[PDB]
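Colleague: piece number one of the complex, untouched:
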Amino acid sequence: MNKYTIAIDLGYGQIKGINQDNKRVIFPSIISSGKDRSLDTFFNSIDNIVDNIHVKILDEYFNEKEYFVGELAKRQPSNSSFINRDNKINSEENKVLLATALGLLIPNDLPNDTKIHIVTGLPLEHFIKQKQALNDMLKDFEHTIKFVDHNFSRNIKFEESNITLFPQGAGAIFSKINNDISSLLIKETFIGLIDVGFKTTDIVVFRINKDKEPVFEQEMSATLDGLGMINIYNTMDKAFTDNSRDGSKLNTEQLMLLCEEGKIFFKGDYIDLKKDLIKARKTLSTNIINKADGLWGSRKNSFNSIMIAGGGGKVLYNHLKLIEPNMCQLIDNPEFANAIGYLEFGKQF
């Protein structure tokens, strides 16, 4: 039989993955040590595993470790702080996320002889830099995952010539739109994906040729490293302590709940910080537009379709529209632009 295919993303906000059979999972990039759950099972019936990932993972010692990951880790008081999370792609923090991303996206009772084309991702300026670090991790990733309170296990191990690395935004606009953007690309134009992520924002362009095929440019395209949603959480963390004036600083959930809405429910009251949320987004909108003119001279006028991506692009699509209005548009899945872009451009082999 043919080899299976899974395209995941190790993005800093949330793991965004999809398989060969077009089933997708999404959960935030927070881990926590798992503790025994049969009690909270009894109060509320679990119909979603994604909310409730209690899970055991074997290792090279074949020693299991309980984990809370995803939505269940965010409610825990003892989880990862998630603002000082490592960029080391071979870390166990990245392993458990990658274990669950490969754990959910495998259906039951597959033949054990076949292997899976896994397709991961890297930052654009850190693709070459962190190429062999994930190559070492995926060669080292020999683990057996066991979902507690769902009771289905996967033996996840990969040899050589099965992993496939791509940069972020590589196949999201090269592929994934090529069947639909081919009528829009005409002659010597630039398409551009702008993925607004957690830690970084990512700019990738593709010149199409005379023969209507896109080709890459790296001096018009880079990673806005350290510029992204991370500037919004850190600013709005100070915005609460400026508005509380008590020394009360938000925890992991309260800050993440804040920048989605702007009204944290503090002491039986919503503390209004909608205006400072606009200001932190506008400074992020400042630091992507002015950096775009650093990468683009008059070639911003040489665009036919700007696309913006990322979950951070969802709340900023009309706000980051001021790059080139009436030409920029939204990618059809704002979160899953990279993953399906990894899927279609991973099936080219």
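Modeller: Nice, thanks for sending it over. Numbering: from 1, shown residues only, chains lettered A, B, ... in the order given.

Colleague: can you give me the strands in the stretch 1-150 of chain A?
Modeller: A:4-7, A:14-19, A:24-28, A:31-33, A:53-57, A:65-69, A:116-122, A:143-147 (DSSP state E, counting those that start in this stretch).

Colleague: quick one, which of the ones you listed is nearest to residue A:250?
Modeller: Minimum separation from residue A:250 across these (C-beta to C-beta) falls at strand A:24-28, 16.0 Å. Quick note: C-beta positions are derived from backbone N, CA and C, even for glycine.

Colleague: Quick check: neighbours of that closest one in the sheet, parallel or antiparallel?
Modeller: Strand pairing for strand A:24-28, determined by DSSP bridges: strand A:14-19 (antiparallel).

Colleague: List the buried residues in the partner strand.
Modeller: A:14, A:15, A:16, A:17, A:18, A:19 (16 or more other C-beta atoms under 10 Å).

Colleague: And for residue A:142, the neighbour number?
Modeller: Residues lying near residue A:142 (other C-beta atoms under 10 Å) number 13.

Colleague: In contact with it, which residues?
Modeller: By C-beta atoms under 8 Å, 6 or more residues apart in numbering, the contact list for residue A:142 reads A:59, A:60, A:156, A:157.

Colleague: let's see 6 Å
Modeller: Contact analysis of residue A:142 by C-beta atoms under 6 Å, 6 or more residues apart in numbering lists residue A:157.

Colleague: hang on, the earlier thing: of the buried residues of strand A:14-19, closest to residue A:285?
Modeller: residue A:14 (21.5 Å).

Colleague: Quick check: that closest one touching residue A:30?
Modeller: No - if you go by C-beta atoms under 6 Å, residue A:14 and residue A:30 don't touch, sitting 9.0 Å apart.

Colleague: Pull the CA coordinates from stretch A:139-158 and hand them back as CSV.
Modeller: Written as CSV, here are the backbone C-alpha positions of stretch A:139-158 (Å, rounded to 0.1, in the frame of the first residue of the first chain):
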residue,chain,number,x,y,z
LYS,A,139,15.4,10.8,13.7
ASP,A,140,15.4,10.6,17.5
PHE,A,141,11.6,10.7,17.9
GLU,A,142,10.9,7.1,19.0
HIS,A,143,7.9,7.3,21.3
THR,A,144,4.7,5.4,22.0
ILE,A,145,1.7,7.6,22.9
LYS,A,146,-1.2,6.5,25.0
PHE,A,147,-4.4,8.7,25.4
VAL,A,148,-5.8,8.4,28.9
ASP,A,149,-9.7,8.3,29.1
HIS,A,150,-9.8,7.6,25.4
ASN,A,151,-7.6,4.5,25.4
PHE,A,152,-6.1,4.3,21.9
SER,A,153,-2.3,4.1,21.4
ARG,A,154,0.1,4.9,18.5
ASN,A,155,3.6,3.6,17.9
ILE,A,156,5.3,6.7,16.4
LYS,A,157,8.7,6.2,14.9
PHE,A,158,10.3,7.4,11.7
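
Colleague: List the buried residues for that stretch?
Modeller: For stretch A:139-158, a neighbour-count test (16+ other C-beta under 10 Å) marks A:141, A:143, A:144, A:145, A:146, A:147, A:148, A:154, A:156, A:158 as buried.

Colleague: ok, now chain B:
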Amino acid sequence: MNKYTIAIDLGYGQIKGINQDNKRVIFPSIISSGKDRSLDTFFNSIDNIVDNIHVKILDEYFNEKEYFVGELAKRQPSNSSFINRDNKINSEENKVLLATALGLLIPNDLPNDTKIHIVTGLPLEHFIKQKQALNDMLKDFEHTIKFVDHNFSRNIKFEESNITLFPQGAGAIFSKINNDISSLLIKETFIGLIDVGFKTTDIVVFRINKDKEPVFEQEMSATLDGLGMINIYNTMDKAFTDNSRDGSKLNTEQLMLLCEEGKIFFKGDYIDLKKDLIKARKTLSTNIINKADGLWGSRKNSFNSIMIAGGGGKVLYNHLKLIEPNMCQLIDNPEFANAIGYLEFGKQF
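Modeller: Time to bring in chain B:
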């Protein structure tokens, strides 16, 4: 008669020896024939005599037989078999290996009448069984050594009152910690010494009395024959045929090369067995602690300090930590633990 002192060992993995002047040598217990080293002499400087032991050996019938021994014999393909080596202490192998480190540690400018006190060792359980045979052999010893490529020779012959017979691990914590553990030993405790050698594993304890004197317990102390580093080399060798997936097999030099590192360079590329190296070393460490507690019931609670000896325990110390944490510890010279213990406790005469 200011008689000299040299303390040696008969370790199967390698020979460990030291003189009165604390000059110490270490070399593997591998022999081969001696062939004329004049061609390589002009190429590379034969400088380290311990690395390059081409040695001329006479007997009582003046039968000169050159031998490559040690590191150079390990480089030879036609070397001693050494993984199924005969355990006869009166072997010609042991005739060479004992006479090897003598002239390598017999100093210059000795008086005419002055002899040398030699201190040797036996396995602890076989110290009753094999006391006669080494005493047969040391009385037998009447030879003459000569060093090719370094241009000096020694006379070598001994009688009784020059011989000294203490078992393996006997004087290592009797002396060598004697005035140092005296502040640690207080009242009615045991001290732990475990020799993790190549072929054999020794366990030896000492009850200290009310009078701060160590006394020996033969029933809490035994030689674990068949347990040691020789299991790990033999385990990973079949594992090398596994991960190569071709039935190809190492040589004797690659055998000792492997489980010092675990990443053997084979057919233009590394072959990775690092997982199984962690597996087998933890597996042997499991087998030590259980057989340690085979002799140790609740008398493990009557310990105050455990030391480990042998070359294996130095690289097992993280996994041999699980006997009693922060009470178990590593001796400073894991190889020369028996040697200095043979030295000072051999200096009774």
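
Colleague: With chain B now part of the structure, what is the answer for the neighbour count of residue A:142?
Modeller: By the measure other C-beta atoms under 10 Å in any protein chain shown, the count of residues near residue A:142 is 14.

Colleague: Which residue is the nearest non-sequential neighbour of whichever residue of the stretch 51-200 of chain A sits closest to chain B?
Modeller: Proximity of the stretch 51-200 of chain A to chain B (C-beta to the nearest C-beta) peaks at residue A:60, 5.1 Å away. Of all residues not flanking residue A:60 in the chain, residue B:275 sits nearest, at 5.1 Å (C-beta to C-beta, 6 or more residues apart in numbering or on different chains).

Colleague: can you tell me how far residue A:348 sits from chain B?
Modeller: 28 Å (C-beta to the nearest C-beta, to the nearest Å).

Colleague: what about the residue lying closest to that residue once chain neighbours are set aside, which helix or strand?
Modeller: Distances taken as C-beta to C-beta, 6+ apart place residue A:175 nearest to residue A:348, at 7.4 Å, with adjacent residues excluded. Counting by DSSP states H and E, there is no helix or strand that carries residue A:175.

Colleague: Pull the number of nearby residues for the closest residue to chain B within the stretch 201-349 of chain A.
Modeller: Across the stretch 201-349 of chain A, no residue is closer to chain B than residue A:349, which sits at 23.6 Å (C-beta to the nearest C-beta). By the criterion of other C-beta under 10 Å, residue A:349 has 10 neighbours.

Colleague: burial of residue A:223, as a residue count?
Modeller: Here the count is done by other C-beta under 10 Å, and residue A:223 has 24 residues near it.

Colleague: didn't it look like it was pressed against residue A:202?
Modeller: Yes - here residue A:223 reaches residue A:202: they are 5.4 Å apart, a contact under C-beta under 6 Å.

Colleague: so what sits against both of those two?
Modeller: Common contacts of residue A:223 and residue A:202 (C-beta atoms under 6 Å, 6 or more residues apart in numbering or on different chains): residue A:124.

Colleague: can you give me how far the longest helix anywhere in chain A is from the chain middle?
Modeller: Longest helix of chain A, by residue count under DSSP state H: helix A:274-295. Distance of helix A:274-295 from its chain centroid, counting by C-alpha atoms, centre = their mean, to the nearest Å, is 20 Å.

Colleague: Equivalent analysis for stretch A:140-155, please.
Modeller: For stretch A:140-155, the distance to the chain centre is 22 Å (C-alpha atoms, centre = their mean).

Colleague: Tell me which residues touch the residue of the stretch 201-349 of chain A closest to chain B, please.
Modeller: No contacts exist for residue A:349 under C-beta under 6 Å, 6+ apart.

Colleague: which element is it on?
Modeller: Assigned by DSSP H and E, residue A:349 belongs to no helix or strand.

Colleague: Could you measure from it over to residue A:23?
Modeller: 21 Å (C-beta to C-beta, to the nearest Å).

Colleague: how about the residues of the stretch 1-150 of chain A that lie near chain B?
Modeller: Within the stretch 1-150 of chain A, the positions lying close to chain B (C-beta under 6 Å from any C-beta of the partner chain) are residue A:60.

Colleague: quick one, helices of the stretch 1-150 of chain A?
Modeller: Secondary structure of the stretch 1-150 of chain A by DSSP state H, counting those that start in this stretch: the helices cover A:39-43, A:71-74, A:92-104, A:131-140.

Colleague: That's all I had, so thanks and see you.
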